[PDB]
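Below: one structure, written as structure tokens.
Read-outs: derived from the displayed coordinates by stated rules, not from any lab. Cβ placement follows ideal geometry from the backbone for every residue including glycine, while neighbour counts extend to all protein chains displayed.
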Amino acid sequence: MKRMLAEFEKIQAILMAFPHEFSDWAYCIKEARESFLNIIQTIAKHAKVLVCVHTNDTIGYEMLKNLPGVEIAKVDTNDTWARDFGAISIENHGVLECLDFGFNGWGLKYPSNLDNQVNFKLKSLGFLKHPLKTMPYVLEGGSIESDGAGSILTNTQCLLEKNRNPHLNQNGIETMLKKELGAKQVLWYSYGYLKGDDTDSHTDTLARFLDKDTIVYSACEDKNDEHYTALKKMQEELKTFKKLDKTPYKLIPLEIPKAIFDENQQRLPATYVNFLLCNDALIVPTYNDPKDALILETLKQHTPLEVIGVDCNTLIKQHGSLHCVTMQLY
């Protein structure tokens, strides 16, 4: 009887990885350092932070060694996205267990030789306190969602991509979800995307459990916006989903902000769905958008937790957001 713990359960720590100059954060390292420090301190008020700091990142070591509720792990990374390389936690017949899935640079698009080895190092360095299982499947933690009660929400955009687990069919992928993570049902959808995203539409940017009865998703009202069709096709798939007691989900649409562009006019994938559920607090990305406050008030209605915005305009320059930079640990 195994089950993937939900993000809304009691979290012991949040695993992260500090930006350093041995990566694309190099071309704006000072801003990157700032936001992560601001994010880190926001989160440490609600859960202990365990942060990977590249073995050669002296500056970041300093910036972080005297921060209350922060523990540092000297572990090298390609990048900051601990959500997708971080261990996936299951409770297996009572016992906490960490699953080390293969991380492969989002279907081999980016270098991930260091990211993939992160869990291994943390465990060998004694930072991870539970058994660590090496998994023979490629799986990112941002690609799947658990309600902790046997339902896994995920999509085909990501999971059936040719560079994840090509030797498996959809049936075979669902079967490993059932057998490794303890899913009783797998909720699958097929539409929805964000322009600028390279993860192959990670569910954690599109559609997530807020709680065991509620799915929060990315939305677009602008019929002129390129996303309108695919996001409304996605919404109608969400509407077909039933809980294990056969009752519909409550569904909470969060409208994506106004278009954000890089300096070469390529659109950035901003979304409010890339929140972190963090013990007493729901921490929510904001984008210096007029609709930021509305998002936050909207969510306050559906949770007894404290809603905190945190600015992620720096994070989305590198095509990810708050949730992508975290992994909860139990």
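The table below lists the values:
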| quantity | calculated |
| --- | --- |
| Shape call, the range 163-313: gyration tensor on alpha carbons, a/c limit 1.5 | oblate |
| Karplus (6.51, -1.76, 1.60) ³J(HN,Hα), θ = phi - 60°, over the range 319-330, in Hz, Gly and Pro reported as x | 6, x, 9, 4, 4, 5, 9, 9, 9, 6, 10, 10 |
| Built amide H within the under 5 Å cut-off of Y137, gap 5+ | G102 |
| Ascending count of other beta-carbon atoms within 10 Å, so fewest first, for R164, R3, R83 | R3, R164, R83 |
| Hz values of 3J(HN,Hα) by residue in the range 42-49 - Karplus curve (6.51, -1.76, 1.60), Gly and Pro given as x | 3, 7, 4, 5, 10, 7, 4, 9 |
| Distant-in-sequence amide H partners of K243 (H built 1.01 Å from N, under 5 Å) | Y249 |
| Prolate/oblate/rounded label for the chain (Cα gyration tensor, a/c 1.5) | rounded |
| Order of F18, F241, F261, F8 - criterion: other Cβ atoms within 10 Å of each residue's Cβ, fewest first | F261, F241, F8, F18 |
| Computed [θ] at 222 nm, helices only, for the chain once each DSSP H run of length n ≥ 4 contributes -39500 (n - 2.57) | -6000 deg cm²/dmol |
| J(HN,Hα) series, the range 114-124, from Karplus relation 6.51 cos²θ - 1.76 cosθ + 1.60, nearest Hz, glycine and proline x | 8, 3, 4, 8, 3, 4, 3, 4, 4, 6, 4 |
| Entries of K74/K129; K65/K291; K178/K242 with Cα pairs more than 25 Å apart | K65/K291 |
| Virtual paramagnetic centre 7 Å along Cα→Cβ of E263, amide N under 16 Å, in the range 29-44 | 29-32 |
| Calculated FRET value between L294 and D225, using beta carbons and R₀ = 22 Å, to 0.05 | 0.80 |
| Interchain or long-range residues, amide H under 5 Å from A219's placed H | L254, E255, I256 |
| Distance from the range 84-124 to the range 237-285 (C-alpha centre basis), Å | 24 |
| Computed lengthening from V95 to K74, 0.36 nm per intervening residue step minus Cα-Cα distance | 4.8 nm |
| Cα shape, the range 101-191, gyration tensor, a/c 1.5 rule | oblate |
